[PDB]
Amino acid sequence: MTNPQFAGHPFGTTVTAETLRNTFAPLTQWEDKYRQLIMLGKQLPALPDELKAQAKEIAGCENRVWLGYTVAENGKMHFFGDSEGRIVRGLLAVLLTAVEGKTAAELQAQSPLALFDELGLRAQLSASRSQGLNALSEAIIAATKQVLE
């Protein structure tokens with residue numbers, strides 16, 4: 133009789149698309165967003181190797197990128213990863229938030245870039261860099277394709 137629990141990340145819990153909007157609400161300057169974003173990572177826990185194995189490797193961004201998830205019984209997937217670049221690290225948050233217990237379908241029904249764009253944590257990011265966010269997202273599309281099938 134027991135139940136293990138790990139990865140006490142916010143994303144939704146305390147870091148909801150809203151909360152982020154409340155933080156950026158005042159921060160109208162991208163400089164801030166990009167700035168605070170860095171701190172967003174600090175908040176995130178240090179992704180251990182054990183989890184690294186549970187997640188997938190992503191070397192198509194500013195720097196190393198680790199991400200992993202799993203479809204629940206109903207489908208409620210839970211994302212969890214990290215990155216080297218604080219900035220990127222923070223970005224994940226928003227993402228993990230956009231995918232707040234979302235279903236594969238849902239994801240396809242609404243890209244996680246919405247939040248990023250909404251908050252402007254990407255809409256501003258140069259096209260080039262944007263290519264990255266896409267890749268990340270694609271990770272889902274690829275997954276959703278599996279869950280869908």
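Numbered continuously in the numbering used here, the sequence shown closes out at residue 281.
Just so it is clear, CB atoms sit at the ideal spot from N, CA and C, and this is done for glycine as well.
- Less than 8 Å separates the beta-carbon of residue 230 from that of residue 149.
- The straight-line gap separating the alpha-carbon atoms of residue 244 and residue 269 is approximately 7 Å.
- Between the C-alpha atoms of residue 222 and residue 203 there is a straight-line separation of about 23 Å.
- Between residue 176 and residue 214, the CB-CB gap stays under 8 Å.
- For residue 165, same chain residues with a beta-carbon under 8 Å away, outside a window of 5 residues either side, are 156, 159, 251, 252, 253, 256 in chain order.
- Residue 173 and residue 232 do not touch by the CB rule: their CB atoms are close to 18 Å apart, not below 8 Å.
- One thing to note: residue 220 has its Cβ within 8 Å of the Cβ of residue 194.
- When only Cα atoms are considered, residue 138 and residue 182 end up about 11 Å apart.
- Annotated three-state conformation of residue 138 is coil, per DSSP.
- Around the beta carbon of residue 140, a 10 Å sphere encloses fewer than 16 other beta carbons of the protein chains shown; the residue is thus reported as exposed.
- Between residue 275 and residue 225, the C-beta spacing is not below 8 Å.
- Taking 8 Å as the cut-off, the Cβ atoms of residue 248 and residue 265 count as close.
- In chain order, 170, 173 place their CB closer than 6 Å to the CB of residue 218, counting only its own chain and leaving out the 5 sequence neighbours on each side.
- Of the residues assessed, residue 277 falls on the exposed side of the cut-off, its CB having fewer than 16 other CB atoms within 10 angstroms.
- In this chain, the alpha helix (DSSP H) harbouring residue 181 covers 181 to 186.
- Residue 152 has its alpha-carbon roughly 9 Å from the corresponding atom of residue 146.
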